[PDB]
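Participant: Shown below is the structure under consideration.
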Amino acid sequence: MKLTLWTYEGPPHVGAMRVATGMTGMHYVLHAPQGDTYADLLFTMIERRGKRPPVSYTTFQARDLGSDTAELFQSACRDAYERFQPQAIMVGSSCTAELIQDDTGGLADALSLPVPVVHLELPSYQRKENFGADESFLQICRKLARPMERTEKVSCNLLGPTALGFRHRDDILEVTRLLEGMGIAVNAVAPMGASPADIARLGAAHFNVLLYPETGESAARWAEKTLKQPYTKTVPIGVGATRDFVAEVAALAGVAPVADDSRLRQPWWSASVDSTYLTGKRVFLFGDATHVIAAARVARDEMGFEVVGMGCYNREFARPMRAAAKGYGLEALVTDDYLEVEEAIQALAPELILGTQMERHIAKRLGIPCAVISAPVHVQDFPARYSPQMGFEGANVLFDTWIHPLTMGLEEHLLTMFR
Amino acid sequence: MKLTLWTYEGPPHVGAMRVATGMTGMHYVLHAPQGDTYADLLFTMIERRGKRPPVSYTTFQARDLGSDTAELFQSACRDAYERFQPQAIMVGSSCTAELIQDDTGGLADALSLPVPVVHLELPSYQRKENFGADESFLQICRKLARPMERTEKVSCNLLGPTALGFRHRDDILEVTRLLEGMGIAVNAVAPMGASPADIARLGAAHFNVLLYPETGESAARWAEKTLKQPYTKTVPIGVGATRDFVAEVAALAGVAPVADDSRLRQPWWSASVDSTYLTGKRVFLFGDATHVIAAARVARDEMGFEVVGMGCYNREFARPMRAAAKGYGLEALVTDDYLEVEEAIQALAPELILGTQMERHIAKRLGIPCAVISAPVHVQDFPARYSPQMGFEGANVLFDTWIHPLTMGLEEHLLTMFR
Amino acid sequence: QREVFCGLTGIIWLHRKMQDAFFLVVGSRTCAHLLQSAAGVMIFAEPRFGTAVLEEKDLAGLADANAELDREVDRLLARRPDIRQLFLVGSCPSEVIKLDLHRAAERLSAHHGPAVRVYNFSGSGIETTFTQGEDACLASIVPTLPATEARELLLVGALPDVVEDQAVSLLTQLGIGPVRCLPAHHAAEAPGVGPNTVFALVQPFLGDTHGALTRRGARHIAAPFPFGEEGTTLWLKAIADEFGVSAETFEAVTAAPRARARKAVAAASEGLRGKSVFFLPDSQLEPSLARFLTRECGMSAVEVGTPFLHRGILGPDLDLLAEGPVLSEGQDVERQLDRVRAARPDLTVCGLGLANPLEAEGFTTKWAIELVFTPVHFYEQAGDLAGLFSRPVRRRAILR
Amino acid sequence: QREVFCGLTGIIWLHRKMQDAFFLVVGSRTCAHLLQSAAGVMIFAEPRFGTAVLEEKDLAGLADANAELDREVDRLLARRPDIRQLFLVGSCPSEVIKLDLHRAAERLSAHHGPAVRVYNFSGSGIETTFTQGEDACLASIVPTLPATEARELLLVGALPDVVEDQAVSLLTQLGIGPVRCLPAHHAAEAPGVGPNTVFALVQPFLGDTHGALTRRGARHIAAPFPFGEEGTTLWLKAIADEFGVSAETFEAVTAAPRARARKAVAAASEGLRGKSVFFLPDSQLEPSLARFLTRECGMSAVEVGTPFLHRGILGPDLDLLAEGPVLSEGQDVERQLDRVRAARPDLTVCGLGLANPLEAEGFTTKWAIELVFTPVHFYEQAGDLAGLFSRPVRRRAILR
Ligand code: PMR
Ligand code: PMR
Ligand SMILES: [Cu+2]
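Here it is in structure tokens:
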């Protein structure tokens with residue numbers, strides 16, 4: 001019953017929303033108390049999405065909690081099909097509805113809707129938002145994706161990108177550009193650019209590209225076993241990681257790499273005599289495991305930073321973060337509590353900090369240069385501009401974003417000194 | 001005289017230096033005293049040119065004053081040709097050599113260099129950097145560009161982009177993508193990304209595209225006079241300006257107007273609920289004329305800002321700026337003195353300042369949110385990332401860049417009120 | 024489907040009013056995520072609200088949950104000894120658990136009662152929604168306020184300190200009746216209520232507070248609510264009639280504020296003359312909103328929707344309101360949004376969840392979540408209230 | 024072709040040294056752009072260097088330019104009553120115009136005294152390079168200094184205030200008599216120079232300065248320059264011996280800072296061991312820096328480059344510097360870059376213009392402009408000097 005003020009992730013049903021919202025034609029009803037509507041405006045405002053999130057709450061109250069909950073859910077499913085016309089339906093419960101004795105599966109099955117209906121069992125109190133998104137995408141794949149015939153040209157699937165994700169759109173575009181340069185055509189991008197037809201077509205791709213393991217590792221593994229589809233184990237954030245991704249994806253497809261490195265500017269801009277003051281600057285890193293690992297590699301090898309802190313709020317990804325942090329001579333900070341990270345920053349006193357929005361605010365109170373690199377973000381963090389974190393142009397974005405706090409602080413300190 | 005501390009434009013030879021640095025195979029031989037090599041530190045550091053600027057300095061001293069000046073110029077030109085093997089050579093004078101008994105013409109043509117030599121007559125004490133950039137490019141075009149049989153398919157020339165220019169590199173890519181989508185292949189981009197062969201091929205293009213009037217207007221008019229190439233009069237900065245440029249270029253080429261608006265997010269993000277506070281914000285605008293006019297259009301029509309001030313440091317573009325300012329119900333501020341711009345800012349008290357680096361610092365002292373939109377910039381401003389000011393992605397960049405100071409100020413003020 | 028927030032969102036603007044109150048939400052992770060998301064920037068400034076997450080071990084049993092809640096309250100008191108009124112807020116999972124928050128309040132007001140007076144009120148969406156949380160918080164404090172034997176006028180309703188200061192200043196200029204606003208910024212200066220004291224709402228949604236103060240013996244004075252020049256004018260007119268203030272002195276004291284308020288309202292409403300407004304049920308501010316926009320601002324309301332339309336206390340405001348606009352009780356957000364499609368109103372005052380989709384569809388949108396935050400009451404903020412609706416229409420005109 | 028800056032570049036740190044001094048550059052727009060670009064962020068702080076652009080009429084008529092300069096300095100004095108010493112700085116177009124800055128400085132010192140004293144020195148590139156600007160400024164100060172009859176030590180050089188404080192404290196606790204600094208912050212604190220007054224040189228480029236103080240009877244102290252550890256020791260040892268301080272007393276003085284200087288140098292020299300360094304002529308600091316790197320940092324030197332060698336002042340460091348490194352004095356970037364390419368040095372000390380281009384070709388580069396700015400002299404900062412030279416090598420090792 002520990003008092004909680006800030007949560008790095010939401011409840012799993014928020015993750016289920018982040019899958020359904022991304023996919024087109026997949027609406028889901030969700031047993032919730034009247035007032036859980038707050039979660040739709042996350043996509044409405046933070047992501048600035050014109051479309052209403054494809055979600056149909058039951059909105060039960062004290063006058064409907066006794067026995068009318070099942071009737072309300074049945075009416076919600078009926079109306080959802082009748083007017084929203086979804087190509088497929090996915091079904092879950094909120095925490096309050098998890099406590100209330102309801103059965104999401106039985107009602108949806110009894111309605112016998114012709115569109116396919118997937119049933120979600122998410123432990124609300126035990127698990128977290130990323131588990132919700134990963135499990136939702138997994139069940140959608142098992143319901144829709146079936147072993148199919150391969151495409152003529154070599155095809156890949158970008159697995160992992162969901163709604164309300166850090167830079168997922170621009171990373172989709174950048175990885176698609178890299179793959180097009182390779183000669184590989186993207187068969188489907190799921191869940192964000194996908195439809196139930198796309199989940200069906202997932203079997204056609206020659207191999208899977210796991211851009212974000214947090215929301216796509218379960219789907220990648222299930223496609224590895226059932227669909228006989230190999231999946232990429234590296235994440236293309238940073239030039240080194242991008243080249244490793246190009247090499248491994250070229251090996252998987254059998255084509256040659258054709259890395260397009262004309263756009264590349266971060267290596268030269270780091271080698272410039274301007275970036276000499278960057279050498280040995282102490283960086284504390286927090287956020288989801290993939291971004292933290294990639295950012296540590298970028299900061300050490302490509303940026304000349306001394307990584308003094310490594311951490312993740314995904315306890316499900318503690319082992320890879322622990323191994324990576326052991327790589328840099330540190331112990332991973334695997335906690336979902338912002339006070340522990342606060343203490344680590346205070347004791348460590350880094351010169352730069354790259355992490356979540358909470359991390360940026362911690363730096364602001366502590367007066368340290370701060371950049372945002374991970375999933376918990378504000379509305380302002382979602383950019384209208386093309387701001388990838390992946391690929392070679394994403395490397396330039398990373399360099400500029402990480403330099404801006406240090407350059408701003410240096411310029412301010414110099415201006416105060418000269419005054 | 002006046003006691004100047006900050007000049008918006010440098011000496012005229014800096015513009016010719018920018019033009020020479022943009023091109024490949026063109027070498028600048030400058031009659032300048034030792035110590036005028038500082039201008040090579042702009043290109044190598046601010047622009048991060050991996051190669052030295054293609055500029056050779058005579059570097060005369062008190063000993064080389066009476067008669068050794070001409071011999072030094074001749075030897076410098078000859079040795080520059082032998083060492084660097086340029087496909088063409090431009091010869092000019094610095095401020096000090098104007099009073100010196102210097103004969104660039106005769107000294108250059110006496111050596112009988114096989115490659116064409118371009119003679120530059122720039123009034124150092126009267127004109128400024130943009131005149132140097134315009135006149136050098138114009139004279140290069142007269143020396144190299146000849147009337148020539150047009151390309152089989154429709155071709156365009158991007159006229160204006162030079163070295164040490166504000167986001168010229170990304171605007172070239174954006175406009176090239178726009179033209180390729182429209183079905184128009186860019187014949188040549190000059191001065192930057194060009195060679196004397198490219199300047200010769202300038203005659204092949206069906207029409208000229210003037211991205212930057214400041215450094216390419218004279219070349220465009222001369223091409224209209226002699227090479228019979230119409231030149232675009234709309235600079236594609238902002239969604240409305242981009243659509244006007246697309247329509248006019250499609251009319252010029254005769255191809256159908258096809259523009260890719262899929263990446264465009266500025267109109268939706270402006271129409272969103274989150275941008276209501278932007279309505280009626282008073283914006284002061286300063287910098288070079290083209291960017292200021294385009295930014296005022298962006299502000300008023302797409303961003304909701306009310307333009308409280310307009311201005312430029314370009315006397316050569318005072319008339320278009322005055323016409324535009326009359327358009328927005330204001331009187332333009334055509335001055336090169338940062339004190340007058342500061343006084344206008346103080347009297348106006350704008351909510352947001354869009355201008356040069358000097359305007360950014362003025363806003364910082366006055367506590368006004370600031371963004372950089374014009375040419376005089378630091379090492380900081382030049383992106384490693386793809387940051388165009390033109391096209392639809394450039395409109396996205398404009399929106400995010402202009403909002404970011406307002407978002408920072410609002411967030412800081414909110415967290416100040418809260419605690 | 025009701026696209027409305029649960030009463031826990033009332034916490035976010037309540038604790039700005041109560042500097043000595045900590046709102047301990049006993050709920051799942053969902054309600055903590057609600058509080059964090061809706062706070063936005065505020066959660067990075069050590070707020071005074073915290074959610075005690077219930078785990079699967081915490082769900083089973085009641086005595087164990089009560090002991091854990093006591094331990095958490097002690098941990099909070101150790102960190103923040105300053106707090107002297109703790110607000111245990113019930114939530115949806117807490118209500119399904121049936122954790123006796125009233126019994127918990129009884130225990131913790133005996134543990135450290137003299138200093139920390141622990142209150143309890145339901146903020147659960149199954150019971151209360153949006154500003155119903157604020158009126159529930161105020162209905163939890165009234166039954167335990169001390170009795171009084173002096174007739175006093177009290178400003179029931181949470182207002183910004185500036186709006187409160189001008190309200191009390193105007194009531195002082197009236198010359199009769201010293202005021203004691205019901206929300207106490209600290210437990211130190213908590214007010215007194217009894218059959219002697221008479222109360223008048225400032226914000227429409229305080230129906231539970233009506234029940235509490237009516238059982239206390241105080242009597243309600245019906246008045247249109249201070250939203251625009253006419254609203255605050257009739258509010259203070261009802262105050263004067265209740266206190267026997269002569270009409271001439273009231274006219275003298277409100278001649279100038281009425282002048283500035285009318286000027287500001289006209290200036291901001293010039294863009295809204297001959298426009299159409301639609302109200303999606305969010306926060307029960309909407310009947311008074313529609314009245315103010317209809318007569319002062321010149322709008323025409325196709326529908327005024329209210330999640331809970333308390334006729335008895337809103338009565339004067341509907342009386343001022345024209346017969347034209349229709350009144351909607353409850354929400355069927357699909358049907359209501361279809362009605363918005365059909366009407367094509369110039370401006371739609373709707374929730375933040377629907378705010379962006381409505382604009383994407385082609386309808387201008389204003390959101391009343393800002394209205395519960397921004398100072399929009401009485402005379403001076405009349406111009407701000409009008410301009411808050413004016414700005415969306417101006418932006419639509421400017422952008423296209 | 025030589026890659027140096029005209030002496031106006033020294034102005035920006037001279038004016039940070041001198042709070043009371045304004046640096047009026049009588050030059051064209053090119054020299055104003057030089058000052059602006061070199062200063063960078065500095066110009067936005069409203070610094071104390073300004074350029075009066077010689078307009079076309081000014082180069083046309085010398086008398087009109089002289090009257091305009093008089094009016095300019097009058098307006099500058101009116102704007103800034105704080106300035107008590109003003110430096111009329113010659114420039115290349117000013118020299119070619121041939122307007123007498125000395126006759127001017129005399130005239131305005133006559134008609135603006137005794138408050139404002141105006142000096143003249145030439146920073147023009149035609150007879151000045153990078154640090155000869157500061158050398159010429161200090162040379163201009165010397166003749167106006169009073170003729171003293173009491174023996175004093177005069178430290179000459181733009182020691183940063185913290186470095187000046189360390190040197191002054193070390194001397195005063197060493198046992199010397201009077202210690203004064205030629206770049207006095209205020210004109211009232213200007214030192215006294217006489218036949219009996221001795222002076223010691225902190226930075227090498229002060230050749231014309233040393234010549235200037237030689238004429239007034241001041242006698243030079245033959246010492247290596249206090250850059251790292253031994254360079255500093257030998258400096259303080261020569262000072263002590265000329266002041267007659269016993270050797271054992273001085274050893275007890277300098278033992279404590281010496282150990283920390285050695286430890287700091289050894290901590291940051293680990294990357295520089297067994298490495299080759301190349302010095303392009305930048306600031307006449309390079310023979311001494313090569314001595315420090317070769318003896319203390321374990322760095323081989325392939326060639327040391329200097330704008331012009333002043334063998335008399337720089338003799339001790341050249342003697343300490345090994346016979347192996349060949350000293351080149353001619354500046355010619357065309358052949359000098361080929362020499363760099365042939366040498367293939369691990370570290371290349373060059374100008375900022377050549378830094379990035381040589382970095383692209385595969386050469387690790389350090390820019391000597393950072394030496395004049397950053398405090399690198401004396402013991403406490405010896406480790407800072409070593410780290411300043413070792414950081415590019417570390418960055419290249421990390422970046423592969
Ligand atoms: C339901 C929760 C929620 C979330 C996800 C945020 C973020 C968000 N809420 Mg804030 N907010 C939501 C809505 C509301 N917020 C709250 C407060 C508040 C208002 C008054 C305001 C706001 C806004 C925001 C913001 C934008 C922050 C910004 O302006 O920089 C989002 C994405 C912000 C805005 O401009 O909205 C149009 C603003 O003026 N919300 C409250 C009342 C307790 C709710 C329920
Ligand atoms: C005049 C030549 C020139 C120009 C164009 C600038 C800009 C510029 N000079 Mg600054 N500067 C150049 C070099 C030098 N500058 C001067 C000062 C100075 C230093 C000490 C420093 C610097 C630098 C810069 C900068 C980068 C600004 C930075 O990020 O600090 C440029 C582009 C900056 C740097 O090299 O970064 C490692 C840095 O630390 N310059 C001076 C001494 C008078 C010169 C001539
Ligand atoms: Cu910023």
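Residue numbers (the deposited numbering), protein chains in the order written: chain B, 1 to 419; chain D, 1 to 419; chain A, 24 to 423; chain C, 24 to 423.
Using N, Cα and C, we set each Cβ at its ideal position, and we do this for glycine too.
I'd like the list of long-range same chain contacts for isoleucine 392(A), defined as Cβ closer than 6 angstroms, with 5 residues on each side in sequence excluded.
Facilitator: Here the set comprises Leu375.
Participant: Considering Cα atoms alone, identify which of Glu352(A), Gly234(A), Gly240(A) is closest to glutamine 307(A).
Facilitator: Closest by alpha carbon: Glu352(A).
Participant: Going by beta-carbon coordinates alone, are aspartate 274(B) and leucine 211(B) separated by less than 8 angstroms?
Facilitator: Cβ distance not < 8 angstroms, so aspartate 274(B) and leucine 211(B) don't count as in contact.
Participant: Can you give me the Cβ contacts of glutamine 189(C) inside the same chain, cut-off strictly under 7 angstroms, excluding the 5 residues immediately before and after it?
Facilitator: If we look at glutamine 189(C) and ignore the five residues flanking it on each side, its Cβ neighbours are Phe401, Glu403.
Participant: I think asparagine 89(A) touches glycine 113(A), with their Cβ atoms under 8 angstroms apart; what is that distance to the nearest whole Å?
Facilitator: In fact, because the Cβ distance is near 14 angstroms, the residues do not count as touching under 8 angstroms.
Participant: Specify whether the stretch 207-220 of chain C and the stretch 157-177 of chain C touch according to this definition: at least 3 beta carbon pairs, one from each stretch, less than 8 angstroms apart.
Facilitator: Yes, the stretch 207-220 of chain C touches the stretch 157-177 of chain C.
Participant: Name, please, each residue of chain A whose Cβ falls closer than 8 angstroms to the Cβ of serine 270(D).
Facilitator: Per Cβ cutoff of 8 angstroms: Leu422.
Participant: Would you say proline 53(D) and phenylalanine 131(D) are within 8 angstroms of each other, going by their C-beta atoms?
Facilitator: No; because the gap between Cβ atoms is not below 8 angstroms, this pair is not in contact.
Participant: Is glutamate 393(C) close to ligand 2? I mean its beta-carbon at under 7 angstroms from any heavy atom of the ligand.
Facilitator: Yes, the Cβ of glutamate 393(C) comes within 7 angstroms of a heavy atom of ligand 2.
Participant: I'd like to know if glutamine 85(D) contacts chain C, where contact means its C-beta is closer than 8 angstroms to some C-beta of that chain.
Facilitator: Closer than 8 angstroms: no.
Participant: Spell out whether any CB of chain B is found under 8 angstroms from the CB atom of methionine 65(C).
Facilitator: Yes, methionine 65(C) counts as interfacial toward chain B.
Participant: Taking a Cβ distance cut-off of 7 angstroms, strictly less, list which residues of the stretch 41-66 of chain A are near chain D, in chain order.
Facilitator: Listed in sequence order: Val64, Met65.
Participant: Give the straight-line distance between the Cα atoms of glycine 25(B) and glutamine 226(A), rounded to the nearest whole angstrom.
Facilitator: Approximately 42 angstroms between the Cα atoms of the pair.
Participant: Between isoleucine 106(A) and chain B, is there a C-beta pair that is closer than 8 angstroms?
Facilitator: Taking Cβ atoms only, chain B never reaches closer than 8 angstroms to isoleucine 106(A), which makes this a no.
Participant: Hey, quick one: how far does the beta strand (DSSP E) through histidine 119(B) stretch, first residue to last?
Facilitator: Here the beta strand (DSSP E) through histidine 119(B) covers 117-119.
Participant: For the stretch 69-89 of chain C, which residues have a beta carbon sitting closer than 9 angstroms to at least one beta carbon of chain D?
Facilitator: Going along the stretch 69-89 of chain C in chain order, one finds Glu69, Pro70, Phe72, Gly73, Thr74, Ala75, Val76, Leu77, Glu78, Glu79, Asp81, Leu82, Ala88 with a Cβ nearer than 9 angstroms to chain D.
Participant: Could you list which residues in chain B have their beta carbon closer than 7 angstroms to that of residue 428(C), in chain order?
Facilitator: Chain C is shown from 24 up to 423; residue 428(C) falls before or after that span and cannot be answered.
Participant: So with Cβ pairs under 8 angstroms, would you call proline 369(D) a contact of chain B?
Facilitator: Judged by the 8 angstroms Cβ criterion, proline 369(D) is not in contact with chain B.
Participant: Starting from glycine 50(D), find everything on chain C with Cβ-Cβ shorter than 7 angstroms and list it in chain order.
Facilitator: Going along chain C in sequence order, the residues near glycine 50(D) (Cβ under 7 angstroms) are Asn379, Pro380, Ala383.
Participant: From this set, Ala223(A), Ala83(A), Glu150(A), which residue's C-alpha is nearest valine 27(A)'s C-alpha?
Facilitator: Of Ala223(A), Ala83(A), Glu150(A), the residue nearest in Cα terms is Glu150(A).
Participant: Identify, in the order they occur along the chain, each residue of the same chain with its Cβ nearer than 6 angstroms to the Cβ of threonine 21(B), setting aside the five sequence neighbours on each side.
Facilitator: For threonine 21(B), where only same-chain residues beyond five positions count, the Cβ hits under 6 angstroms are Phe43, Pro53, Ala163.
Participant: Only counting the same chain, and skipping five residues up and downstream in sequence, which positions put a Cβ closer than 8 angstroms to that of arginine 334(C)?
Facilitator: For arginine 334(C), where only same-chain residues beyond five positions count, the Cβ hits under 8 angstroms are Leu341.
Participant: Which one or two residues does DSSP pair with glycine 240(B) in a beta bridge?
Facilitator: Looking at the DSSP assignment, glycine 240(B) forms no beta bridge with any residue, so it has no partner.
Participant: Following a CB-centred definition, is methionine 65(C) positioned closer than 7 angstroms to any heavy atom of ligand 3?
Facilitator: Result no, Cβ not under 7 angstroms from ligand 3.
Participant: In chain order, which continuous runs of the alpha helix (DSSP H) of length 4 or greater are located wholly inside the stretch 76-122 of chain A?
Facilitator: Within the stretch 76-122 of chain A, the complete alpha helix (DSSP H) runs of at least 4 residues are 79-82, 86-102, 115-120.
Participant: Strictly under 8 angstroms for the Cβ-Cβ distance: is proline 183(C) near chain B by that measure?
Facilitator: Chain B, which has no Cβ nearer than 8 angstroms to the Cβ of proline 183(C), makes this no.
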